[PDB]
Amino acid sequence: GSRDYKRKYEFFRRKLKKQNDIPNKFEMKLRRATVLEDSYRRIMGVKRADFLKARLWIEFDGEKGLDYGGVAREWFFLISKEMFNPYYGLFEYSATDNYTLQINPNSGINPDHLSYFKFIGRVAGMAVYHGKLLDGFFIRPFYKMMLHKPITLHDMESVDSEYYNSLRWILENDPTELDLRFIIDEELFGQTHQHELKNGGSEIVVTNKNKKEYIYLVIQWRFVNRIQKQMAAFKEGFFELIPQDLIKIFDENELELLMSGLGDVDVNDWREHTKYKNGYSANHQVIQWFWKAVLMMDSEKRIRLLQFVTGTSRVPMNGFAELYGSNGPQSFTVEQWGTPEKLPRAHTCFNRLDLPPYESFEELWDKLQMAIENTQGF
């Protein structure tokens, strides 16, 4: 989004109302170590939700006289780290090796969950109301649900490609051979409940007759069915700040951009938590040139480099120290491989970059750019 985006945004911001009978400020005094629960008590305590529209006046831990907007940007950041922390069971990563967020269908283990989802909805609206960003990115179907858009097979592609092609295959090819039935098995704390999409359950075998409807039910189950109440509570908080009708001028991609921005990467973090292999070290000339290139890359290119190596453009809440791959935790890695006329390669599963020992910075730069730019996500 540029230009078309900027006009939409201006048009959007200019429509946002604030009532006459609202204090000039909304005062919160929080402690960082308990930012989540302190923020929750304060924001869920408010007499009227409209009070959340007044200028944020935030003080952390007794500190007087910090710039208001800087503290507010910090708060949105800290509170995000906490609300979207999977430990609390509200949201979870969409896969072990990705870090896009989705509602945890088992969030109810904390009885209060619905009220926390409303709180998060309000915080997300406050961010959008006040021109700030959350720190965290949701799966596409989450954005489509904010907009009241149906979820489809194609929406699975962006979340689970492996799963997608399988569902894709039994849409084109016959599924009868392999005795498939309308049963889906959920994993929970290493355990396994089994679920049937319709009455009659196990006995029905997936054929060409029932095929499409089968694919439907798998989709609603994976994305929609079991997080209805959680998503209704979030949407209710969010729409106390931002009018539902007005938000619909944005498609799902712009909405994501509205809520969270680009997702700039912390390059110093990244570099601190890189492992090196087959001859390389932090002090190796080629690696020094590598990080010089990354530092000279703009934000979107850094992100594209990261997607190229890891398969995802996102970073986990704890940063590059907590990178996973397909088989558990995996640091970002750079291994010496190939000869200087090769383009770099990537093993996405292991977050590993096979970098040739290029013999000048410029050659490393040109070859890295060509690699990143000529591969595509999706």
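Quick note: we count residues from 1 along the sequence shown, nothing fancier.
> Mean C-alpha B factor from the entry: is it higher for 366-374 or for 19-27?
Replying inline: Stretch with the higher mean C-alpha B-factor: 19-27.
> Do the CA atoms of 199-207 or those of 88-96 have the higher mean B-factor in the entry?
Replying inline: Per the deposited B-factors, the answer is 199-207.
> Out of 82, 135, 177, 112, which residue has the highest Cα temperature factor in the PDB record?
Replying inline: Answer, based on the entry's C-alpha B-factors: 177.
> Out of 104, 268, 191, 278, which one has a C-alpha B factor higher than all the others in the entry?
Replying inline: Largest recorded C-alpha B-factor: 191.
>> Could you place residue 78 in the lowest, middle or highest third of its chain by Cα temperature factor, using the values in the record?
In response: Its C-alpha B-factor, which the entry lists for residue 78, ranks in the lowest third among residues of this chain.
> What third of the chain, by the recorded C-alpha B-factor, contains residue 220?
Replying inline: Its C-alpha B-factor belongs to the highest third of this chain's values.
> Taking the C-alpha B-factors as the PDB entry records them, is residue 173 in the lowest, middle or highest third of its chain?
Replying inline: Tercile = highest for this residue's CA B-factor.
> Considering only modelled residues of the same chain, in which third does the CA B-factor of residue 318 rank: lowest, middle or highest?
Replying inline: Answer is highest: the recorded C-alpha B-factor places it there.
> Hey, what third does residue 163 fall into on Cα B-factor, ranked over its chain?
Replying inline: Top third by C-alpha B-factor.
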